[PDB]
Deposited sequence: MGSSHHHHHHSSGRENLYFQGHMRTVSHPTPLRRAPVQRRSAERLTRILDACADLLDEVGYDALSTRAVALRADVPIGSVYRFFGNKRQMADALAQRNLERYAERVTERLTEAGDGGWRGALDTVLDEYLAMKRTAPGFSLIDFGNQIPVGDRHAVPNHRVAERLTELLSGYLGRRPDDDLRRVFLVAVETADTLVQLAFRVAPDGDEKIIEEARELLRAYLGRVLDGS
């Protein structure tokens, strides 16, 4: 039930992020929205930043579960589908997951390197860890770009990023 309250605190924190943003956010508003004793929230989190980190952390586990289950159900072992899955699930969260434009995953490249290299039957050496870091950093910047260009994510920017990443992985993946 302590865990039940945490879920709710984090959900309210996610929702509040979309409504008033990070600066206006306060611990009392979260507790009222979550319908939790205000003392619970102060007990769980030292400041707002800590609550935001727990939310970010929860975003990443959810994304990792989503991707792991898409790859498990319909993956064919290939990097094109793997790439579409990670990118599309991240785009869906970006559009659909509360507070996600403000609080992302906060590490990600590491988690994705583990996840994907297992799936692809590839040895995560330095070269491959670098490729992944490069891919993840560029996808982050291009996704951010797409959403500055149009509020739901400019489709042409997104499609350029997809093409860009396919060309790169097509070139560097042996």
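Trainee: Got a list of the deposited-sequence ranges with no coordinates?
Mentor: Since the structure holds only modelled residues, the stretches it omits are 1-39, 146-159, 228-229.
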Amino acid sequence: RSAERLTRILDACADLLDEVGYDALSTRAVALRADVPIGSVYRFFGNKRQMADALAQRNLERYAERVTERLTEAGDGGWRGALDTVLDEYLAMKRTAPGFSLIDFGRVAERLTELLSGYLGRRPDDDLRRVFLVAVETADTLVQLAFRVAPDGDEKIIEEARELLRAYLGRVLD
From here on, numbers count along this sequence of modelled residues.
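Trainee: What stretch has the higher average Cα B-factor here, 83-91 or 68-76?
Mentor: According to the PDB entry, the answer is 68-76.
Trainee: Is the mean CA B factor in the deposited entry higher across 37-45 or across 59-67?
Mentor: Averaged over C-alpha atoms, the B-factors run higher in 37-45.
Trainee: In terms of the chain's CA B-factor thirds, is residue 117 lowest, middle or highest?
Mentor: Middle third, going by the recorded CA B-factors of the chain.
Trainee: Of the three thirds of its chain by CA temperature factor, lowest, middle or highest, which one includes residue 3?
Mentor: According to the entry, residue 3 has a C-alpha B-factor in the chain's highest third.
Trainee: Compare the C-alpha B factor of residue 19 with those of the other modelled residues in its chain, then answer lowest, middle or highest third.
Mentor: Highest third.
Trainee: Based on the entry's values, in what third of the chain does the Cα temperature factor of residue 25 lie: lowest, middle or highest?
Mentor: Top third by C-alpha B-factor.
Trainee: Please place residue 132 in the lowest, middle or highest third of its chain by C-alpha B factor as given in the entry.
Mentor: It falls in the bottom third of the chain.
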